[PDB]
Amino acid sequence: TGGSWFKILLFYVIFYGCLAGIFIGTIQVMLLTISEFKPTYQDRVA
Amino acid sequence: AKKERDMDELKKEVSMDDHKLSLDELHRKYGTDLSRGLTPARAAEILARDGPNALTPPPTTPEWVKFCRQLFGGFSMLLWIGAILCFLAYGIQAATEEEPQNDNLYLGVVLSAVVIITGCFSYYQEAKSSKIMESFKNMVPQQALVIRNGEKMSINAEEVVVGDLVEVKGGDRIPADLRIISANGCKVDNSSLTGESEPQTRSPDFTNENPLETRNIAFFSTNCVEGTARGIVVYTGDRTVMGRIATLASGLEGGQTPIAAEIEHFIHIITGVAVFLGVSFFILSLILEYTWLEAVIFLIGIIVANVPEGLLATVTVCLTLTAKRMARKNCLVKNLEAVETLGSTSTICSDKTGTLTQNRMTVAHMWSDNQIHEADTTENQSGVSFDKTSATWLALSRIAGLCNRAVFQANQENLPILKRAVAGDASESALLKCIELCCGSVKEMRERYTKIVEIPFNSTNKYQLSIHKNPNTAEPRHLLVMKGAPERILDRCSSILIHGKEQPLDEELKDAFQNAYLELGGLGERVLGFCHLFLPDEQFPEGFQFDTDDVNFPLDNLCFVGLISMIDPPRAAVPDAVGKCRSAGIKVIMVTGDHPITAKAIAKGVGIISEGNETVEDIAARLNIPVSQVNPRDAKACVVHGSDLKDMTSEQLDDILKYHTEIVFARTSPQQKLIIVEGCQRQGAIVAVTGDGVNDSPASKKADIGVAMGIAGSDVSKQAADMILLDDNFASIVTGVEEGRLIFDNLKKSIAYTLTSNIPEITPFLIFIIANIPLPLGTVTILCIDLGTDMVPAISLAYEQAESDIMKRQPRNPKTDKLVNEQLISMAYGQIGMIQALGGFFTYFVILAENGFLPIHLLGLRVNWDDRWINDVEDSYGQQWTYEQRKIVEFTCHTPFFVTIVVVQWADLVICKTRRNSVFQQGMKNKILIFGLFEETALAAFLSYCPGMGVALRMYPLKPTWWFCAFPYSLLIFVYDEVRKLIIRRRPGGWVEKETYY
Amino acid sequence: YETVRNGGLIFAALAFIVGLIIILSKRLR
Ligand SMILES: [Mg+2]
Ligand SMILES: [Rb+]
Ligand SMILES: [Rb+]
Ligand SMILES: [Rb+]
């Protein structure tokens, strides 16, 4: 179905590779600001 | 009543006729008195046996089966199986269908309407296209004059049975097919059969090309133009020659419009993953670890999160536009999809007469002064005159003018001297007209020199003359003039003009003459000889008595003034517009019923043929046909006479058809045009056919796309065609193949994007199962992106302009180069679809983070009967923050995710704006797109702050940041593919990137 | 939010009003 049907996959995990850590980081530095243990926001009983 | 390879495939044959038999044999065959007529008793005795002389439209009047197409229409299957399954949800409920009363039931009726609406577009794409037989059956006459049991009586054509004789006057339509047994000066117009217009004549006897060309047969559609005749109905209605056709060019069907068949190959692939996951999770997940009602709510999701609700309804529009775009330039369209077929087009088939040529005898050249001349063979354009100086022409002028029986009808104020109404006939009117471009009006010139005597046009004895009186009271008082066959005329003169003088005829010019002749005949135009004489005075005093049809005045030793050739010239455009289609690697072919000579000479005229005629080298060397000729096929092109195509087999045609670029079969029966088209088609190609006359009807159907000719066409040819050039500008074919090829591309872009956002819509539910982390994206939320957000931008894409000299590439094959494919999917499902995914998935967390972030927590079933009883990360979320525990995804998360999808959709709707060029050195001026990109982004917000409907929807996010979340991502997108395009380039032949170009 | 209420929508009218006022303005080009 494709000559070296392999390379196409290889340069495919590397993609999810980097695409993953990128999710990690954006989520890392995301927290590096959440707060001090977790802030809390505008919600109350009624 | 048998199969189809017979009920509509019994036209691969043509002959089978008896008209080449003695009146005795004829009389015997039909048992009918050839003059007393037929017995009325016997008449009906046959009608009630054979069945009325008339055609019957095909059994068809369904206005549903086509509307109700959606019941498979697009992705309406899953939608139905979905909105029914999610119509069951609202059912499988216990304690008084709580909020699930709102949801489900509504999402069922919503996805419900969708299918319905996704159909009207998967409908308006194929407007009721039919009605051929309509016009045909409306071409037979109403009345008919036939002879029976003595007298001549008139009746309804329908009532004509086979066997009796009918009389036909000039100006009537032939009742049925009939073998004339007698006539007098009968001339029938065979247009609708031969495709040619010049009148043919009818003889009671004769023989020839046994059926269609014998002067003793009259045909169903045709009509008598002058004279009279009586013949015997050899065929009635449905069984006639035009009946066989009327039937064929009706019951026959084209098929799948390329572009519309591409709306297939992908509708499948998408619907391939439509379940590979769809059910996969219903199984590999719903493993009694989730409630039934759960799986299903999860099922009806991925469904919604899969079928690009807004897309087919998009292409429909993408078509609708490139249609309502060409129509401003005329060439109207009756069938959308056609628009993008004209571009996928690989071969064109054309009716010479009426299509390429304008079908109007026009003076091509002239031989005044031992020198050749050419004229505005166009529809009043450039080239301008031949001279008009030398007194010689001056003479020739009047000749052609006086020696003529032509005129015009109404007042004709319109300056179209050339488009005005004739009277006489081609040959002559051709001349009259020619003498109106210049030399004032003939009508006045006809009265200038009054006619006193005239010898009727060629009366077998060639030539035509008349003597008028010259007003130039100085030279002769009597000027006679004549014209006829070029040979004859010449060889009956003794002196010919030259600027004005009168040097005698001899050997010197008799040469340049023959030259001019044969040299003109070669171009295939008809040539006439013109000459005049001034009868000496002392020989003819004023009032002299000329004897009409009787010898009386000179005929020889006349003065030869010149030669004039006329022809059926190519339309203005046709010339190079053909070359353009070649510029675009499109192959063409001439399918004409006219004769060889003409067809070829005309083929060469419009590029259709360049250098290398077969039968010519036959003489230009090894004086033979077979020998070192035939086999060598040293000839790139050839002319095939229909007489021979009749005796050829499937493959035999194949050979001839695809072994050289002849581009011309001549004298062809209607069936043949089609059998020809078929043969082109049977070699896996997309052929288009251009016609005018009814003889095309068929070929204008089996043809992928059919192009009529507006005015130059039969009130039928058009009924059969897809496109209707209403300015007859044969260049629109190019301003159609381009505009078509455009939308092929400007559709992928428009589609790729319109679904890349599919990924960001599935993943939620998929992760929503692998780790019970609360519904990030909502179902009722999905139906609001493809069917509510990305709308106008998909549309917009269409408007995006070119990307290169398009008309420079070979026609897009149809078996390999598809529309949707890996190249696309991989780069929109497995690449960007992902990057977008994270983005809105990322935002999902922040939307919870700055509220009760569980980047390590979360992963849990969030019930609602419990109320408060539980929570996470130092909280009491319950009835208060339960109604609310979800207000972080309902009114929120979904919203922020929602917007983030929009937000990533920007750079998508710009990375897909181009297919190979940096938005930099490439127009970023899509006024439409732009003002929509905002009309999208904005709606987003209105849909995110809409004070009320936000109930049946999401809620107020924190403008300052509840938006910018995905923002960090949209960029990477734009930044990513931008490099590959620039990657694709620096390395042209490309590797993995161009291998996965797009 | 005594802010993005009758104020977050006016923002939803800076690029919309360019739909029947500026996009509808490509004819006088
Ligand atoms: Mg024609
Ligand atoms: Rb979808
Ligand atoms: Rb068709
Ligand atoms: Rb989508």
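Calculation criteria
Residues numbered from 1 in each chain as written, not as in the entry; some residues may be left out. Chains lettered and ligands numbered in written order. Heavy atoms only, no water. Helix = DSSP H or I, 4+ residues; strand = E, 2+ residues; numbered from the N terminus. Rg over C-alpha atoms; globule rule 2.2 N^0.38 Å. Buried < 20%, exposed > 50% of the residue type's maximum accessible area, 1.4 Å probe, protein only. Contact = heavy atoms within 4.5 Å. Areas by Shrake-Rupley, 256 points an atom, 1.4 Å probe, with all protein chains shown as cover. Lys, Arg positive; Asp, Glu negative; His and termini not counted. Charge placed at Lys NZ, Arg CZ, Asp CG, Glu CD. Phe/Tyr/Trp six-rings, centres within 6.5 Å; stacked < 30°, edge-to-face > 60°. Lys NZ or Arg CZ within 6 Å of the ring centre and 35° of its normal. Donors = N, O, S within 2.8 Å, 3.2 Å for Na, K, Ca; no water. Buried area = accessible area lost by both parts, 1.4 Å probe. Salt bridge = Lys/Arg side-chain N within 4 Å of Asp/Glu carboxyl O. Polar contact = N/O pair within 3.5 Å; in protein donor to acceptor, adjacent residues only side chain to side chain. Nonpolar A, V, L, I, M, F, W, Y, C, P; charged D, E, K, R; others polar. Expected span 1.5 Å × (residues − 1).

Summing up its helical and strand segments, chain B has 37 helices and 23 strands in all. Against the compact-globule benchmark of 30 Å for 998 residues, chain B has a radius of gyration of 38 Å, which places it well outside the compact range. Along the longest, intermediate and shortest principal axes, the C-alpha atoms of chain B span 135 × 70 × 60 Å. With 998 residues in all, chain B has 53% of them scored as buried. Sequence separation of 24 or more characterises 73% of the internal contacts of chain B that already satisfy a separation of 6 or more. Total accessible area on chain B is roughly 45,100 Å²; 57% of this is exposed by carbon and sulfur atoms. With 95 positive and 120 negative side-chain charges, chain B shows a spacing of 2 Å between the two charge centroids.

Geometrically, a pair of aromatic rings is defined through the distance of the ring centres and the angle of the planes. Scanning the model with the defined rule gives 26 aromatic pairs over all chains in all. When the centroid spacing of 6.1 Å and the interplanar angle of 5° are considered together, the rings of B:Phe281 and B:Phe298 count as stacked. With B:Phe281 in helix α10 (residues 278–283) and B:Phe298 in helix α11 (residues 292–304), this pair connects stretches of sequence that are 17 residues apart. For B:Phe298, a relative accessible area of 6% corresponds to the buried category. Here the aromatic rings of B:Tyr877 and B:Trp881 are separated by 4.6 Å at their centres, their planes lie at 75°, and the arrangement is edge-to-face. Cluster of aromatic residues (ring-pair linked, three or more members): A:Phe23, B:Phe841, B:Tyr844, B:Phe845 and B:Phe853. Seen from the ring of B:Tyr998, B:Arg915 lies directly overhead, with NZ or CZ sitting 5.7 Å from the centre. A cation over a ring is seen here: B:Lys959 above B:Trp963, with NZ or CZ 5.1 Å from the ring centre.

Here we come to the coordination of the magnesium ion (ligand 1). Residue and element names in this part refer to chain B. All of the protein donors around the magnesium ion (ligand 1) are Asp351 (OD), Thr353 (O), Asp692 (OD) and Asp692 (OD); their distances to the metal are 2.4 to 2.5 Å. Positions of the donor residues of the magnesium ion (ligand 1) along the chain correspond to the pattern D-x1-T-x338-D. Here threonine 353, found in helix α13 (residues 352–356), pairs with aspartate 692, found in the loop between β21 (687–690) and α25 (699–702); they are 339 residues apart in sequence, far enough to count as distant. Summarising the burial analysis for this pair, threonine 353 and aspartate 692 share the class buried.

This part is about the interface of chain C and chain B. Contact residues are listed per partner, giving 13 residues for chain C and 11 residues for chain B. For the pair chain C and chain B, the summed buried area comes to about 1,200 Å², and 81% of that belongs to carbon and sulfur atoms. Counting across the interface, chain C meets chain B through zero salt bridges. At the boundary of chain C with chain B, the tally comes to one residue pair in polar contact. Here the side of chain C that touches chain B is built from residues that sort into eight nonpolar, two polar and three charged.

Residue and element names in this part refer to chain B. Inspection of the secondary structure assignment puts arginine 916 in the loop between α34 (889–911) and α35 (927–945). Distance in space between the C-alpha atoms of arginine 916 and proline 204 is 71 Å, their sequence separation being 712 residues. The residues contacting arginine 916, other than those within four sequence positions of it, are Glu803, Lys981, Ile984, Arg985 and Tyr997.

For the rest of this paragraph, the subject is the environment of B:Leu725. Residue and element names in this part refer to chain B. Within the secondary structure, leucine 725 sits in the loop between β23 (723–724) and α27 (734–756). For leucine 725, a relative accessible area of 1% gives the class buried. In sequence terms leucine 725 and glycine 693 are 32 residues apart; their C-alpha atoms lie 14 Å from each other. For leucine 725, the contacting residues outside a window of four places in its chain are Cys331, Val707, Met709, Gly710, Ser732 and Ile733.

Attention now goes to helix α15 (residues 426–437) of chain B. Because an α-helix completes one turn every 3.6 residues, residues spaced three or four positions apart along the sequence face the same direction. Residues and elements named next belong to chain B. For α15, built from 12 residues, the straight-helix expectation of 16 Å at 1.5 Å per residue is met to within 8% by its first-to-last C-alpha distance of 17 Å. Counting buried positions along α15 gives 10 out of 12 residues, so the element sits mostly inside the fold. Burial in α15 covers these residues: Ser427, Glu428, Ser429, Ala430, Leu431, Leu432, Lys433, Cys434, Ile435 and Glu436. Among the residues trailing α15, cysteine 439 stands out with phi positive, at a value near 50°.

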